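What follows is a single chain, given as structure tokens, in the form deposited in one PDB entry.
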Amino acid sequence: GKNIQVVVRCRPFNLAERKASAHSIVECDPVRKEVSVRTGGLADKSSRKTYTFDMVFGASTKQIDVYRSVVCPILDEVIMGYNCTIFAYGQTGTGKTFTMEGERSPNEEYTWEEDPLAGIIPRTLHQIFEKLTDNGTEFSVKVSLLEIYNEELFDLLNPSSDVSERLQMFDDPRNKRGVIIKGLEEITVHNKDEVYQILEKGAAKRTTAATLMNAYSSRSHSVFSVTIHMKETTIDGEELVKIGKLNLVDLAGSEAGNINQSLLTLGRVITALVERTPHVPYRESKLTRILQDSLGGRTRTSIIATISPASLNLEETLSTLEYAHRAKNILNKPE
């Protein structure tokens, strides 16, 4: 930090947790930026474990709130010509995809641009077009989507590809730090009225990979990349040619050895960047080598650690909070 930002988003109870008679064990204090977990296991009030983060979003935080607090500062950075990454990390069913992608409201009540349930990806794409159209920047938007599953790469935006084809990755000559994902489809989003059809297809090919290859999004990393080419011109001012890049990663469930290793490697990359340790283990997983260029800096990185509020998931919630705390060691302040 302030470059690496680690924030926590707790979701509301789900129906499963109600029917299991789960109890609320998480308290989220946005002002003090703390999350407290009752380790109540025969002990009360005994065992409240407190963690402090850059931000904390209670179960009632709306999609727009997450965008404003987390994405806006990062997108301004992207538009300035820099290369950023936002992660969603946590146990399956705590809201990684809800945060990253969102959902449509019931319906057909909103346009996709006004839908309160829309997540980071569609909101970012809409804002890129709003901001850059509004100030008259000459720009082009292109997007790729790949899923890392079982240490294999899959292109989710290739129309004629097939779900079963794996992509190859090489190191970039002209850029140590970079890689080339041969044949990765980079679709051009010509206007904000193209984005929705594009996202639909990507989600459709995601569904096909799961049905056939048993490639469950639960156990795969989703990397949605958006690259913006910007020429900005002012008479008696400045002529700026910039290229911004934003990666929006929806990680595999934090709860098969290639997932543990890749997520733990990611944790070590982050900590090393925060700690400013000379050694950062990019090479050690495909996820972190793919994202190496968007990580060291000068870059904004944000991790949204997602948690459930229910006692039913105490172990995985503490696991998630430990992970997040390992990544960026923020200290508890006095109450």
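In this text, the rigid core denotes the largest set of C-alpha atoms whose superposition between the two forms falls within 1.5 Å. Don't overthink the numbering: it's just position in the shown sequence, from 1.
In what follows, reference is made to the form deposited in another entry, a form of this protein that is not presented.
Of the residues 180, 213, 167, 80, just one CA atom moves 2 angstroms or more between this form and the one not shown under rigid-core superposition; it belongs to 213. After superposition on the rigid core, the Cα atom of residue 270 is displaced by 2 Å or more between this form and the one not shown. A movement of the C-alpha atom of residue 297 reaching 2 angstroms or beyond is seen between this form and the one not shown when the two forms are aligned on their rigid core. Annotation for residue 310: C-alpha shift under 2 angstroms between this form and the one not shown, rigid core superposed. Between this form and the other one, the CA-CA gap for residue 277 and residue 244 widens by 3 Å or more, being larger in that other deposited form.
Relative to this conformation, an increase of 3 Å or more in the Cα-Cα distance between residue 140 and residue 294 is found in that other deposited form.
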